[PDB]
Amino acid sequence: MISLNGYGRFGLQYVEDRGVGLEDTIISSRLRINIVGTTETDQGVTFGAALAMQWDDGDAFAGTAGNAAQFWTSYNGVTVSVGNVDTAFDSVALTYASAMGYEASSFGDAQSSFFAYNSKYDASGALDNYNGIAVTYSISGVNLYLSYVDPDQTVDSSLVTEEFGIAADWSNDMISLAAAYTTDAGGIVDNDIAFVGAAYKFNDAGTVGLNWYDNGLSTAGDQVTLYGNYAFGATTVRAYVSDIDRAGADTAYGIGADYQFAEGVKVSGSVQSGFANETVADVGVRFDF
């Protein structure tokens, strides 16, 4: 069985003083298509393979290709995946909760380097023999994530640095907790990174949360993000502040709104200020299909 799903997104992307002789405002857009093949068995074991084909404005050669395959096996709530895997630090809950705008960005996101699913090919050739193994599992309302990423599996292992990550999250109906930890993240030796986050649903309509991170060898240092959102019908308002230890950094912040036009259609915008005083703004749509 083969199924196809994905999403399109387009709108305006403003970056104050982008560059000498550059336009600050552009039309940014993304097409994402996923090809999924699955084999269900009567034994209860499911086999799967996924490929992504992603295009973004500005991409080299005005063309689209697929990425590197991901394969998995699922049985009784346990999923083992091989190849281009989702990593633990990139999959836990709460870590991307401050993202806003139609491009889902936030300076409140972790300012570290770590491996994550690769959406596209990489012309530099660095991903050619990259191969990860991942394992996910769910006890009660607990989600467990584990991932092992080998940047070049053909080369003797004593010569390459492997990335290892673990994460768990948990949620009842009002509190959410999450934590992750990865060593040698992004294959950078000694770049050990951590995350702890918690959220409180103080209503059917509002939630506040707080994320803390150890950014490893990044120049950002430790970081804290405080965010909150509130829904008024089909409209959601979101905001966040974030600080990093880097001397002289500014406080980053953002304010945005989401409007659920229809099932599968979402109009979003935001105005954000980064740690180096960058001003960024956006407004556009996402539709899922």
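All residue numbers refer to positions in the sequence shown, first residue = 1.
May I ask you to compare 213 to 221 and 170 to 178 by their mean CA B factor in the entry and name the higher one?
-> Comparing 213 to 221 with 170 to 178, the higher mean C-alpha B-factor belongs to 170 to 178.
Where do the C-alpha atoms have the higher mean temperature factor in this entry, in 263 to 271 or in 16 to 24?
-> Looking at the record's C-alpha B-factors, the answer is 16 to 24.
In this PDB entry, which of 126, 188, 104, 92 has the top CA B-factor?
-> Comparing C-alpha B-factors across 126, 188, 104, 92, the top value belongs to 188.
Checking the entry, which one of 33, 234, 65, 50 has the top C-alpha B factor?
-> The C-alpha B-factor peaks, among 33, 234, 65, 50, at 234.
Grab the CA temperature factor for residue 165 from the record and place it in the lowest, middle or highest third of its chain.
-> Its C-alpha B-factor, which the entry lists for residue 165, ranks in the middle third among residues of this chain.
By the record's CA B-factor, is residue 73 among the lowest, middle or highest third of residues in the chain?
-> For residue 73, the deposited C-alpha B-factor lands in the middle third.
Chain thirds of CA B-factor: placement of residue 59 | Bottom third by C-alpha B-factor.
Please rank the C-alpha B-factors of the chain's modelled residues and tell me whether residue 228 sits in the lowest, middle or highest third.
-> Residue 228: CA B-factor falls in the highest third of its chain.
Which third, lowest, middle or highest, does the CA B-factor of residue 152 fall in along this chain?
-> Its C-alpha B-factor belongs to the middle third of this chain's values.
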